[PDB]
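Below, in structure tokens: the form deposited in one PDB entry, a single chain.
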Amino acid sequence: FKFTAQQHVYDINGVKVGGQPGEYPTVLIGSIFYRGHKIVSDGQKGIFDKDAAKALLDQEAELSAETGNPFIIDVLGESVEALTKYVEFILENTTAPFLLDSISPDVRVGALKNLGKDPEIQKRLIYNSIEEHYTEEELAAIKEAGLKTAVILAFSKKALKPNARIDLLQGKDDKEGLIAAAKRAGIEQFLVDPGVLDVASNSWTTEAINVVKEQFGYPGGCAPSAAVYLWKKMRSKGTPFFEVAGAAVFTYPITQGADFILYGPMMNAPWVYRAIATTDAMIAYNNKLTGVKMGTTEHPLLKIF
């Protein structure tokens, strides 16, 4: 299958994201300094294991080189002080782009203030996320930082149908669309995450990704990790049950033409990369029938066999 709209392929400090199915490998986004991460001893001050963080980053580079799946780091923080330190460390200890990420918007806003309108921040920092309840101070913070790429969380807990993403992105009635809001903050590149409620509803998330790519061509992806970790029945079964079950959830959106996955904790990268790379290789082999051409030689199809 192929999408009608010409697909946006963004180049985020070397990382290609988007395209027609089989054109580009899945971009894999691993979480670090998340709530309960054992390498963080104090989430308020940002006291973290630099050796263990470096080792996770080096492992991501090695898996990325093995499969050809590019990586963006999901950097989480619970305070301005902590997320600022986390971001400074990520900037120095990898070349990867990264998500500035937090549960609390005020943590993202505060961290942007500290980081300033640094040209490296504009090239490597992706705002996570512009959500339905965005504030003017949030858009001002993004604009002062001079950011160019954001995750658009195209999720409304009152608008669960895939077709409603057209309304959320474009706007409807008196409501400014999320794309219009991002553009006001100076954002030019939109990674669309339609949101995941639970594991089963990942099928609606992936259908929403298809609508967005079909009609607008923005790269589409999602973040099923929270839904997988709340599946206590699977998680307590141990190896390899939790891993294959996770693999089934994380690969599913890719089988329907999604462009990126937030796969959760980076410690799971070794099995996530191998499953995702397997799905990419099979999708790209289908190119041979569709005439769709790979946009890079760094593709799992040419690497993992």
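In case it trips you up, residue 1 is the first one in the sequence shown, and so on.
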Could you settle it for me: does 186 to 194 or 223 to 231 have the higher average Cα B factor in the PDB entry?
223 to 231
Stretch with higher mean Cα temperature factor, 53 to 61 vs 232 to 240, is 232 to 240
Which of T149, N114, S201, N128 ranks first by CA B-factor in the deposited coordinates
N114
Selection from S31, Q44, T255, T278 [criterion: highest C-alpha temperature factor in the record]
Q44
Cα B factor band for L100 (lowest, middle or highest third within the chain)
lowest
Assert third(CA B-factor, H37) within chain per record equals middle
Can you tell me whether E136 has a C-alpha B-factor in the lowest, middle or highest third compared with the other modelled residues of the same chain?
highest
Ranked C-alpha temperature factor of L76 among modelled chain residues, by third:
middle
Assigned third (lowest, middle, highest) for the C-alpha B factor of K85
middle
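Same protein, other form: the form deposited with a small molecule bound, not shown, and the subject of what follows.
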Considering non-hydrogen atoms and a 4.5 Å limit, does the small molecule approach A182 in the deposited bound form?
no
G195: heavy atom within 4.5 Å of the small molecule in the deposited bound form?
yes
Partner contact for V151 in the deposited bound form: the small molecule, 4.5 angstroms, heavy atom
yes
Touches the small molecule in the deposited bound form: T206 (any heavy atom, 4.5 Å):
no
The small molecule: the contacting residue among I276, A258, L63, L262 in the deposited bound form [heavy atom, 4.5 Å]
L262
If we test each of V212, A223, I142, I73 for a heavy atom within 4.5 Å of the small molecule in the deposited bound form, the one that passes is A223
I need the one stretch from 187 to 195, 84 to 92, 112 to 120, 170 to 178 whose residues put non-hydrogen atoms within 4.5 angstroms of the small molecule in the deposited bound form.
187 to 195
